[PDB]
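Remarks on the structure that follows.
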Number of protein chains: 2
Amino acid sequence: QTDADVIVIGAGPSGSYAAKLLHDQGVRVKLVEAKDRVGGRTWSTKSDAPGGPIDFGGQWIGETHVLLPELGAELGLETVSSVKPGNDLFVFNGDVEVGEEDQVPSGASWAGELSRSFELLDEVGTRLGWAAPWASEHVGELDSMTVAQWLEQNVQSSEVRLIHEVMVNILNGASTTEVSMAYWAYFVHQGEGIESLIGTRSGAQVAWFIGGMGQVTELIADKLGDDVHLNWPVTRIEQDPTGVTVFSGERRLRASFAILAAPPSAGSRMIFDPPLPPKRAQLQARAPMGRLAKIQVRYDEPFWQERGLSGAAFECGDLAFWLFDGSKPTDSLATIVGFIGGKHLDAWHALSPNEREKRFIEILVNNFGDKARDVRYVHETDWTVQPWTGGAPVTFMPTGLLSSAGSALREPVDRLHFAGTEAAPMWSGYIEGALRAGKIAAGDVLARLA
Amino acid sequence: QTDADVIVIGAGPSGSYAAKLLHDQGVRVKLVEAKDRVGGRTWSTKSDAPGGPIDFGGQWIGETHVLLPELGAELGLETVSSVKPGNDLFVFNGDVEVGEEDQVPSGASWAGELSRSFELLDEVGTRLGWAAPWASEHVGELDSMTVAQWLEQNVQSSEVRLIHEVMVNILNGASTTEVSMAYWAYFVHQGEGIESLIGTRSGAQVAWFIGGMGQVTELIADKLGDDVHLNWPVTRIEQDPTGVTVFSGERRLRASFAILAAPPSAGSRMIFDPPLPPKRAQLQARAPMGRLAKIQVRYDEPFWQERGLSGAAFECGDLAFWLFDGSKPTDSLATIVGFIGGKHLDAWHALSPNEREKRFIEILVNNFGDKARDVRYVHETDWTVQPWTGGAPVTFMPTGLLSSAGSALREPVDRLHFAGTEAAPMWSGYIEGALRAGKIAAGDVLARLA
Ligand SMILES: Cc1cc2nc3c(=O)[nH]c(=O)nc-3n(C[C@H](O)[C@H](O)[C@H](O)COP(=O)(O)OP(=O)(O)OC[C@H]3O[C@@H](n4cnc5c(N)ncnc54)[C@H](O)[C@@H]3O)c2cc1C
Ligand SMILES: Cc1cc2nc3c(=O)[nH]c(=O)nc-3n(C[C@H](O)[C@H](O)[C@H](O)COP(=O)(O)OP(=O)(O)OC[C@H]3O[C@@H](n4cnc5c(N)ncnc54)[C@H](O)[C@@H]3O)c2cc1C
Ligand SMILES: COc1ccc(CC2=NCCC3=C2CCCC3)cc1
Ligand SMILES: COc1ccc(CC2=NCCC3=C2CCCC3)cc1
């Protein structure tokens with residue numbers, strides 16, 4: 001006797017979407033979530049902050065994403081463009097260089113090597129591919145070196161190196177000395193290339209949902225009603241010839257199939273009986289979350305526009321950030337958003353909270369002008385302290401893992417299927433990947449139920 | 001109101017010893033253990049195997065270890081020498097070279113570069129030190145490269161490279177492409193140097209306890225009686241100004257202090273409230289267990305001695321092992337013990353159990369002669385599937401971790417103290433380190449109780 005046909009573990013976008021698809025087909029589903037809320041690495045509030053809704057986790061929609069906007073539309077959400085005209089900034093340890101709209105500064109001495117380094121990175125990625133990077137003839141060597149070592153071998157300009165360092169410390173939440181070059185190159189390729197991932201005008205970042213990205217999971221949970229269990233951290237998964245038992249301490253739920261819709265690192269904390277196969281066990285134990293914090297400051301007006309600036313800034317150096325204008329036309333205040341990750345976040349953490357806020361204000365003054373001092377609201381979200389997530393924005397891998405265990409990112413283990421964005425064939429790391437992986441897992445399980 | 005003065009988490013040698021020391025001073029202690037047994041990575045049975053007691057985990061005592069033999073003596077255990085005279089073997093993808101007792105084969109073409117590579121490794125280790133390797137001026141660069149890269153830069157002989165590869169895959173349970181060179185060099189230095197760790201006649205491996213190493217923890221548990229809780233996996237630690245609450249699901253225990261006597265990876269599965277400081281959180285998430293299996297075959301007699309062989313073999317190559325004669329004079333059968341780790345264990349795992357046993361017998365026949373076919377008993381212990389341990393023999397670290405978070409190996413966090421062998425100033429990775437770290441944590445907590 002079963003409590004459900006399928007138990008879905010994790011109510012982020014991936015698990016919420018898989019549960020929704022199954023429920024929509026009349027499958028009996030339980031969606032169990034460790035935290036006191038749904039959303040996972042997406043998290044927002046319509047009213048807790050002055051000036052309008054605010055997002056604490058992932059919030060941007062890409063121009064080639066389709067599951068995400070279609071889901072949003074189906075749930076009744078409206079999008080607004082996130083694109084910010086004006087001159088983007090490239091800042092090198094406080095020395096500000098002004099782009100031409102989203103392009104490099106006029107006559108920048110580093111533009112040529114930057115373009116060549118991006119082409120080289122894309123070529124490494126293409127040699128690995130998204131379908132099966134672990135099977136590529138080039139992966140063993142690439143997976144035995146770090147991104148930092150690849151930069152040392154292929155980049156000479158300090159500006160280009162610092163741009164690549166901020167890219168990795170942000171988009172993988174980890175230092176170039178920590179991330180396998182094979183993993184990084186695969187990650188960028190399967191996100192449709194480097195221009196896709198760093199473009200402010202076209203690429204993976206062009207729109208937002210009015211009201212916050214957290215709505216997506218909340219609305220799904222609304223419809224699932226009592227089949228959602230919050231405060232239900234899974235501690236053990238047992239399998240047998242006729243189904244799967246999922247435990248939270250002594251609490252238990254029985255089903256025919258289960259879907260793990262959380263990062264490999266989340267699986268590593270669970271006990272499996274029988275034990276998982278070796279590649280999946282190693283993957284869960286050795287693919288950590290990156291580390292990332294998201295600092296937001298609100299103002300009466302987007303005063304950076306007085307200097308003809310977009311508010312986008314690649315703030316490179318010892319305390320590197322990515323900064324953007326996060327303001328929506330329907331907000332009553334303007335918002336600047338700063339992200340800091342990896343080794344830069346390690347440095348940020350070594351400062352006091354007061355020193356951090358003062359340092360960020362000084363960066364905003366340097367980049368955007370003195371009116372940055374007239375703050376209305378300041379907020380920091382440290383993803384490394386969020387229970388049952390423990391980091392951000394994505395999973396990364398150190399040397400040796402992708403080539404020796406990456407095939408376990410997607411393969412089911414008997415009656416346990418894997419969703420979560422890390423399992424997506426493309427757009428792993430992104431909400432779109434969460435949704436694609438949830439769709440795949442739901443389809444596979446539905447086929448086994450028929 | 002408290003259940004105990006101190007809660008010790010983990011009943012391996014470290015936590016058992018810390019609980020014992022506290023209890024001996026009249027402190028009220030609880031020792032809580034996740035598994036259905038005490039011992040952790042030590043594990044033995046007096047009677048389940050034909051031919052005498054057998055050890056499934058760590059069992060050797062070193063010549064400079066003192067807490068371990070003194071504890072054994074205090075508990076009523078007797079030691080016996082483990083040293084095996086005869087010619088040790090150095091095997092390179094099946095080509096057997098016969099040592100002169102424990103020394104390299106007469107006139108070996110690789111002897112000179114081997115000695116130089118060992119001296120070089122010791123010198124790297126000495127540059128880092130055991131007291132505070134994370135503070136050494138040399139650690140950032142060393143921690144940004146792998147052991148494999150250091151070998152590529154400093155070793156040319158294939159024999160010497162393969163010897164170093166088996167050393168790392170066994171002693172850290174991980175590939176040379178996975179382990180930070182800084183971590184490996186520090187690990188060897190703090191184990192008193194490479195000759196200490198690989199010597200068959202003098203060094204870290206000279207004696208055993210008759211009856212099995214598991215006795216150490218079992219006897220301690222006997223005296224602690226009902227203050228030991230088995231099947232009590234800690235899932236959450238909460239701290240406040242007056243003490244610490246430790247949870248296993250909904251079950252809870254309250255004390256004034258707690259000691260975590262388990263690897264950083266064990267801590268990563270727990271929820272901490274308040275959250276741990278950043279360096280400790282990163283250390284727990286990013287310092288994995290190595291991977292290791294221990295295969296044992298019993299025979300009527302140590303027939304390898306018919307060829308003048310000790311039974312020790314460094315079996316190098318694609319499927320590398322360390323082999324030793326594990327026979328005690330009081331056993332009624334002879335025992336050969338094989339260890340396989342890291343990338344070699346990955347290969348081992350890709351074979352069927354039957355193919356593994358046949359392959360091991362073929363290795364024994366090649367190395368020691370045809371009588372290896374006349375088996376009496378065969379047993380494998382795969383440490384990667386042991387619940388709440390998940391690997392062996394030790395914790396390792398990938399690039400970037402020791403230099404950015406290693407200072408969190410030993411430092412208490414408010415009322416939570418860290419024991420476990422990884423916290424030992426010296427002999428981290430070994431039972432002696434477990435005991436030293438337990439002694440330190442017990443002393444610190446006792447001082448806070450007075
Ligand atoms: C600051 C930040 C900014 C980001 N920006 C963007 C952006 O602009 N665009 C983009 O596309 N993506 C962005 N992301 C990434 C996006 O948030 C993730 O890709 C996405 O949320 C992945 O969804 P998921 O469902 O796979 O996993 P998650 O969102 O991590 O959900 C996993 C769920 O599993 C739960 N869980 C974990 N362990 C257990 C357990 N033992 N038992 C039960 N439940 C458990 C967790 O609590 C969580 O709710 C951002 C992320 C962060 C942190
Ligand atoms: C095959 C093998 C051979 C070895 N050979 C040797 C040798 O010859 N010499 C040597 O000196 N060392 C050897 N060792 C290493 C030695 O076993 C370890 O150094 C030692 O056991 C470390 O002791 P510990 O108490 O620090 O940790 P462990 O022995 O790992 O004990 C940790 C304990 O914590 C428990 N625990 C974990 N998570 C939780 C939780 N959430 N709640 C409650 N309890 C929890 C575990 O179940 C375990 O009992 C060997 C190890 C292996 C695997
Ligand atoms: C080039 O401009 C942008 C603007 C916004 C984002 C959103 C985003 N997506 C992936 C995860 C992450 C971020 C932003 C910062 C840190 C982590 C990305 C590129
Ligand atoms: C040079 O001879 C030996 C013999 C025995 C051991 C015991 C030992 N201690 C550290 C952990 C570990 C082993 C042995 C194999 C694998 C892992 C070491 C060296």
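In what follows, chains are A, B, ... by sequence order, proteins preceding strands, each numbered from 1.
The shortest distance between side-chain heavy atoms of A:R286 and B:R286 does not fall below 4.5 Å. Contact annotation: the side chain of A:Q149 never approaches that of B:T146 to less than 4.5 Å [non-hydrogen atoms, C-beta and beyond].
Both the backbone and the side chain of A:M145 come within contact range of chain B, each with at least one heavy atom under 4.5 Å from a heavy atom of that chain. Residue contact with chain A, scored on non-hydrogen atoms closer than 4.5 Å, involves the backbone of B:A285 exclusively. Of the two parts of A:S268, only the backbone, made up of N, CA, C and O, holds a non-hydrogen atom closer than 4.5 Å to a non-hydrogen atom of chain B.
Of the listed residues (B:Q282, B:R251, B:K279), the greatest number of heavy-atom pairs within a distance under 4.5 Å of chain A belongs to B:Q282. The choice from A:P398, A:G400, A:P278 that makes the most heavy-atom pairs within less than 4.5 Å of chain B is A:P278. Heavy-atom pairs under 4.5 Å with chain A were tallied for B:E250, B:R291, B:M289, B:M270; the largest tally goes to B:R291.
Note that OG of B:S175 is 11.5 Å distant from CG of A:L401, once rounded to the nearest 0.5 Å. Note that OG of B:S144 is 9.0 Å distant from CD of A:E178, once rounded to the nearest 0.5 Å.
The two residues B:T399 and A:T177 have their closest heavy-atom pair at OG1-O, 2.7 Å.
Heavy atoms from other residues, nucleotides or ligands lying under 6.0 Å from CZ of A:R359 number 12 at most.
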